[PDB]
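Below: the structure, in structure tokens.
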Amino acid sequence: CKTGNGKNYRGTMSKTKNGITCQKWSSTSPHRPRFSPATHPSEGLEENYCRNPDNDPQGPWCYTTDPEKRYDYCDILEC
Ligand SMILES: NCCCCCC(=O)O
């Protein structure tokens, strides 16, 4: 969840909505989008994070090192 859309959180480590080990923002060759532009609200996409620099108020999104488990939000404490 967004216990602060750029202020406070915990599951932002690198785990999806439940706790699926997110990615490191590498790329689609192995597996990972091309996220990183500055025209985004923010950019807390630190190595392997979950935030909302795209458009997912419902919850901080985040992809992962693999397809079957490419994405979902982060297991960040509620808000
Ligand atoms: N609204 C989420 C789309 C951007 C999240 C990253 C991705 O989909 O590759």
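Chains: A, B, ... in order of the structure tokens. Residues: from 1 per chain. Ligands: from 1, in order shown.
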
Write out as JSON lines a residue-level contact list of chain A versus ligand 1 with cut-off 8 Å: for each qualifying residue the closest pair of atoms and the distance in Å to one decimal, counting only C-alpha atoms and all ligand atoms, rows sorted by chain and residue number upward.
```
{"residue": "A:32", "atom": "CA", "partner": "ligand 1", "partner_atom_place_in_ligand_line": "9 (O)", "distance": 7.3}
{"residue": "A:33", "atom": "CA", "partner": "ligand 1", "partner_atom_place_in_ligand_line": "9 (O)", "distance": 4.7}
{"residue": "A:34", "atom": "CA", "partner": "ligand 1", "partner_atom_place_in_ligand_line": "9 (O)", "distance": 7.1}
{"residue": "A:35", "atom": "CA", "partner": "ligand 1", "partner_atom_place_in_ligand_line": "6 (C)", "distance": 6.7}
{"residue": "A:54", "atom": "CA", "partner": "ligand 1", "partner_atom_place_in_ligand_line": "4 (C)", "distance": 5.6}
{"residue": "A:55", "atom": "CA", "partner": "ligand 1", "partner_atom_place_in_ligand_line": "1 (N)", "distance": 4.8}
{"residue": "A:56", "atom": "CA", "partner": "ligand 1", "partner_atom_place_in_ligand_line": "1 (N)", "distance": 5.4}
{"residue": "A:61", "atom": "CA", "partner": "ligand 1", "partner_atom_place_in_ligand_line": "5 (C)", "distance": 6.4}
{"residue": "A:62", "atom": "CA", "partner": "ligand 1", "partner_atom_place_in_ligand_line": "6 (C)", "distance": 6.5}
{"residue": "A:63", "atom": "CA", "partner": "ligand 1", "partner_atom_place_in_ligand_line": "6 (C)", "distance": 6.3}
{"residue": "A:71", "atom": "CA", "partner": "ligand 1", "partner_atom_place_in_ligand_line": "8 (O)", "distance": 7.7}
```

Could you list, as an MDAnalysis selection string, every residue within 9 Å of region 46-53 of chain A, counting only C-alpha atoms and ignoring same-chain residues fewer than 4 positions away? chainID A and resid 2 5:6 11:16 21:26 36:42 57 59:64 73:74 76

For CA of residue 58 (chain A) and CA of residue 8 (chain A), the interatomic separation in Å (one decimal): 16.2 Å

note - CA of residue 29 (chain A) and CA of residue 66 (chain A) are separated by 10.1 Å

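Between CA of residue 43 (chain A) and CA of residue 7 (chain A) the interatomic distance comes to 12.2 Å.
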
Sel. of strand (DSSP E) residues, chain A, as a VMD selection string: chain A and resid 61 to 63 71 to 73

Write the residues you've just listed into a file as a short mmCIF file (atom, residue, chain, number, x, y, z; two decimals), in the first residue's frame, and include C-alpha atoms for each of them.
```
data_model
loop_
_atom_site.label_atom_id
_atom_site.label_comp_id
_atom_site.auth_asym_id
_atom_site.auth_seq_id
_atom_site.Cartn_x
_atom_site.Cartn_y
_atom_site.Cartn_z
CA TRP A 61 3.20 -1.27 -8.28
CA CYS A 62 6.34 -3.19 -8.97
CA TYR A 63 7.44 -5.84 -11.40
CA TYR A 71 4.15 -7.73 -11.21
CA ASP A 72 1.61 -6.52 -8.75
CA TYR A 73 1.84 -4.02 -5.82
#
```
